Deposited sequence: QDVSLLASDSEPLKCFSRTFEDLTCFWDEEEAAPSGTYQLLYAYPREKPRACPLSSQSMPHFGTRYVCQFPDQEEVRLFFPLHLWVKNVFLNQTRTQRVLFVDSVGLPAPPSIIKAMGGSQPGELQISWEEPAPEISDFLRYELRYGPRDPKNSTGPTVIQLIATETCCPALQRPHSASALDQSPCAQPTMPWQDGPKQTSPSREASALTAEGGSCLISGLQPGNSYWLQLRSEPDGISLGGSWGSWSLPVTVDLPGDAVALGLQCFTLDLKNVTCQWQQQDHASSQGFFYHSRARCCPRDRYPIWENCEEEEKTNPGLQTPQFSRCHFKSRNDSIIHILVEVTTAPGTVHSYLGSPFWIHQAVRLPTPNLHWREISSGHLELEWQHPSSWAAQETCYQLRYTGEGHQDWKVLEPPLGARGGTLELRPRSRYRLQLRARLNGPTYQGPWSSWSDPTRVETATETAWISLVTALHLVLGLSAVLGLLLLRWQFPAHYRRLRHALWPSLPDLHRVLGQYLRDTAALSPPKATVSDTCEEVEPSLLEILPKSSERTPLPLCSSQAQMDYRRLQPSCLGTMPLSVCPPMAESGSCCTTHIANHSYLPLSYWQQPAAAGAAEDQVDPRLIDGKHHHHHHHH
């Protein structure tokens, strides 16, 4: 019955239930506190009145606060009126009265333990928690607060109502789960939760926030320049710029429309490996793959970085083509080893006798250039069905 538990208001005898299996009522009087003066009585509609054992607290003023706690031997029944009246033993007066529906009053406790970890996208945060009272997991609506850390602390904390499992945030699945997107990829966040019974079935108010928990988001992988491809729709090979004085390793993950993270779906798997650090492994296509890289900057400290999810058919790297040169004015002629599609490949040529480039139409096999010079052609697949990044640069052609 601490001061932080004073969210109640507008009653002479305030009562509140935390798990809908316990009850405690209190009242405060500004006058003095003679010993044994006041007794609290209660009675369900059938049994005789019974006296709750009292306790006294010392207010900052000269008054005192009297608090009752229902014995565990007695049980509280929902949807049942309860008559509570404080009776002075000396003057026989009834200081206060109230008829209470236990289901209408509620101060649910915040979740005891919270988990906050990075999700699939670089700007997604996954939150999972257990419930102090798992029996009423379906009759509670949660509210979520997250805020930036000491840097940029001027911005006010943001709240969000965890609606339901329809938004991939099931309150029950024992403990619940949720996923929140749009956070800044890389700065730490402090997080707090909240709860409130839904007025449809159980009435009440909000409980206090949980102890704030800090989560370090992975962040975008562009900080280390993670750009990689796949070859001929069969194998995934990823190489990243190796961080100086820090060993780095990378993992991966596969999924197919898993959507809602009921039980922390992302489970990493090691990538086989045989300046810049590379990795390589097999693939099961027509799936979404999330790529992660972890680097140990110092012994015992590691950092996780995440890049945009790949589509294998959308990131295939073509073999580097070769170009033939002709002149009288200078003509062009080139081919493509990957004969899957020519009009789906957008080429580019860098020329120099300060470098300048031009983009011939996709599918072209020849052209004219103005001029000794070296010709280097690069291919990028950009078809509506198959696409991918740029290929390697071929040897210069005179």
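Stretches of the deposited sequence lacking C-alpha coordinates, numbered from 1: 174-211, 313-322, 377-379, 405-408, 427-430, 458-636.
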